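**Student:** Here it is, the structure, as structure tokens.
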Amino acid sequence: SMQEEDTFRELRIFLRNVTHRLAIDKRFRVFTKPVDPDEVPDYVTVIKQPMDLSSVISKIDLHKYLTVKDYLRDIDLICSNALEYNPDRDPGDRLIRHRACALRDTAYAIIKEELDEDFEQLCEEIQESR
Ligand SMILES: Nc1cccc(-c2nnc(-c3ccccc3)[nH]2)c1
Ligand SMILES: [Cl-]
Ligand SMILES: [Cl-]
């Protein structure tokens, strides 16, 4: 219905705003673009499901997220990919992991403070009906 389309549009607007706040945070610059395969050529073969904030924005616009839970699964994937690609004790890896965890924690904290659970529940119940 019209009212359901309005609901998903509000969800997209909400998710774009949250993603934008993540993307302008200097800590998260490394997660704003997909990995360049001329800098780490083996990235695309190790990491089977690359995810980054540019891709998340593209998926919002393609109406791929019908719930906040769907969105957070991709934020979680940005984080978990980073933990797996950079597992070592050296400072470069530890810095990336810390930023990845912070990205994840920041998204969840924004959602906890700013998302009405009844709005999420509505999105879920529409998504289950289609
Ligand atoms: N999940 C995700 C999304 C975008 C980038 C990355 C990433 N993981 N590790 C790197 C990296 C590794 C060595 C030097 C600089 C960045 N970048 C990981
Ligand atoms: Cl840096
Ligand atoms: Cl190590």
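For the structure tokens, the naming scheme is as follows: chains receive sequential letters (A, B, ...) according to their order of presentation, residues are indexed from 1 within each chain, and ligands are indexed from 1 in presentation order.
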List the neighbours of stretch 38-53 of chain A out to 9 Å using only C-alpha atoms; skip same-chain residues closer than 5 positions along the sequence, and give me the result as an mmCIF file with N, CA and C atoms, in the first residue's frame.
**Tutor:**
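Saved to result.cif:
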data_model
loop_
_atom_site.group_PDB
_atom_site.id
_atom_site.type_symbol
_atom_site.label_atom_id
_atom_site.label_comp_id
_atom_site.auth_asym_id
_atom_site.auth_seq_id
_atom_site.Cartn_x
_atom_site.Cartn_y
_atom_site.Cartn_z
ATOM 1 N N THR A 19 24.079 6.467 7.995
ATOM 2 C CA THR A 19 25.280 6.047 7.212
ATOM 3 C C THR A 19 26.160 7.238 6.899
ATOM 4 N N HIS A 20 25.522 8.364 6.573
ATOM 5 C CA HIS A 20 26.253 9.580 6.339
ATOM 6 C C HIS A 20 27.052 9.998 7.576
ATOM 7 N N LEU A 22 28.254 8.076 9.883
ATOM 8 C CA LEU A 22 29.396 7.180 9.944
ATOM 9 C C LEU A 22 30.450 7.569 8.908
ATOM 10 N N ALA A 23 30.000 7.874 7.693
ATOM 11 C CA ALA A 23 30.929 8.099 6.574
ATOM 12 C C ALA A 23 31.748 9.369 6.704
ATOM 13 N N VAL A 30 38.614 4.519 6.127
ATOM 14 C CA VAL A 30 39.044 3.301 5.435
ATOM 15 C C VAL A 30 37.851 2.411 5.017
ATOM 16 N N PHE A 31 36.706 2.579 5.682
ATOM 17 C CA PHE A 31 35.509 1.815 5.379
ATOM 18 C C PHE A 31 34.546 2.517 4.426
ATOM 19 N N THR A 32 34.939 3.665 3.868
ATOM 20 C CA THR A 32 34.014 4.436 3.023
ATOM 21 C C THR A 32 34.023 3.997 1.565
ATOM 22 N N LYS A 33 35.062 3.265 1.182
ATOM 23 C CA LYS A 33 35.177 2.835 -0.189
ATOM 24 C C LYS A 33 35.458 1.356 -0.195
ATOM 25 N N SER A 58 24.558 2.482 -1.571
ATOM 26 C CA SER A 58 23.997 1.966 -2.843
ATOM 27 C C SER A 58 22.839 0.998 -2.560
ATOM 28 N N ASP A 74 24.719 -5.784 7.516
ATOM 29 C CA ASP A 74 25.797 -5.332 6.612
ATOM 30 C C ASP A 74 26.824 -4.497 7.388
ATOM 31 N N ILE A 75 26.367 -3.679 8.327
ATOM 32 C CA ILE A 75 27.351 -3.024 9.231
ATOM 33 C C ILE A 75 28.198 -4.078 9.961
ATOM 34 N N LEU A 77 28.967 -6.973 8.937
ATOM 35 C CA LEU A 77 29.855 -7.551 7.963
ATOM 36 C C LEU A 77 31.063 -6.658 7.643
ATOM 37 N N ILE A 78 30.878 -5.339 7.629
ATOM 38 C CA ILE A 78 32.023 -4.447 7.506
ATOM 39 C C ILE A 78 33.017 -4.736 8.634
ATOM 40 N N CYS A 79 32.486 -4.821 9.845
ATOM 41 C CA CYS A 79 33.308 -5.059 11.021
ATOM 42 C C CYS A 79 33.952 -6.467 10.957
ATOM 43 N N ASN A 81 34.525 -8.557 8.499
ATOM 44 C CA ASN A 81 35.497 -8.651 7.403
ATOM 45 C C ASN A 81 36.810 -8.019 7.808
ATOM 46 N N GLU A 84 38.706 -10.220 10.231
ATOM 47 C CA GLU A 84 39.306 -11.395 9.595
ATOM 48 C C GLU A 84 40.466 -11.050 8.641
ATOM 49 N N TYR A 85 40.379 -9.916 7.950
ATOM 50 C CA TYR A 85 41.430 -9.572 7.013
ATOM 51 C C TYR A 85 42.663 -9.024 7.750
#
**Student:** Kindly work out which residues sit at most 12 Å from ligand 2, using only C-alpha atoms and all ligand atoms, and give the list as a ChimeraX atom specification.
**Tutor:** /A:26-31,91-93,95-96,99
**Student:** Generate the output file for the selected residues, N, CA and C atoms, as a tab-separated table (two decimals), in the first residue's frame.
**Tutor:**
chain	number	residue	atom	x	y	z
A	26	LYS	N	36.13	10.72	10.65
A	26	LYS	CA	37.47	10.47	10.13
A	26	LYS	C	38.02	9.09	10.49
A	27	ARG	N	37.58	8.54	11.62
A	27	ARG	CA	38.03	7.20	12.03
A	27	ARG	C	37.67	6.13	11.03
A	28	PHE	N	36.57	6.36	10.28
A	28	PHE	CA	35.95	5.33	9.44
A	28	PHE	C	36.25	5.54	7.95
A	29	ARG	N	37.22	6.42	7.65
A	29	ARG	CA	37.53	6.72	6.26
A	29	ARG	C	37.89	5.43	5.47
A	30	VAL	N	38.61	4.52	6.13
A	30	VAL	CA	39.04	3.30	5.44
A	30	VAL	C	37.85	2.41	5.02
A	31	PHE	N	36.71	2.58	5.68
A	31	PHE	CA	35.51	1.81	5.38
A	31	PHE	C	34.55	2.52	4.43
A	91	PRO	N	50.52	-3.00	15.10
A	91	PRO	CA	49.66	-1.83	15.30
A	91	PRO	C	48.77	-1.49	14.12
A	92	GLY	N	49.21	-1.75	12.89
A	92	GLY	CA	48.35	-1.45	11.75
A	92	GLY	C	47.06	-2.27	11.81
A	93	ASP	N	47.18	-3.56	12.16
A	93	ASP	CA	46.00	-4.41	12.23
A	93	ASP	C	45.14	-4.04	13.42
A	95	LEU	N	44.84	-1.19	14.86
A	95	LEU	CA	44.14	0.09	14.59
A	95	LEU	C	42.90	-0.14	13.73
A	96	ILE	N	43.06	-0.91	12.66
A	96	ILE	CA	41.90	-1.22	11.81
A	96	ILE	C	40.80	-1.93	12.60
A	99	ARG	N	38.97	0.44	14.86
A	99	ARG	CA	38.07	1.32	14.08
A	99	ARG	C	36.86	0.56	13.60
**Student:** Can you pull out every residue with an atom within 7 Å of ligand 3? Use only C-alpha atoms and all ligand atoms and format it as a PyMOL selection string.
**Tutor:** chain A and resi 88-90
**Student:** Using only C-alpha atoms and all ligand atoms, can you tell me which of A:36, A:114, A:128, A:70 comes closest to ligand 1?
**Tutor:**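 Closest candidate: A:36.
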**Student:** May I ask which of the residues A:66, A:101, A:35, A:72 is the closest one to residue A:127, counting only C-alpha atoms?
**Tutor:**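 The closest residue to residue A:127 is A:66.
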**Student:** Identify all residues of chain A in alpha helix (DSSP H) (DSSP on the backbone) and supply them as a ChimeraX atom specification.
**Tutor:** /A:2-23,43-46,53-61,68-85,91-114,117-129
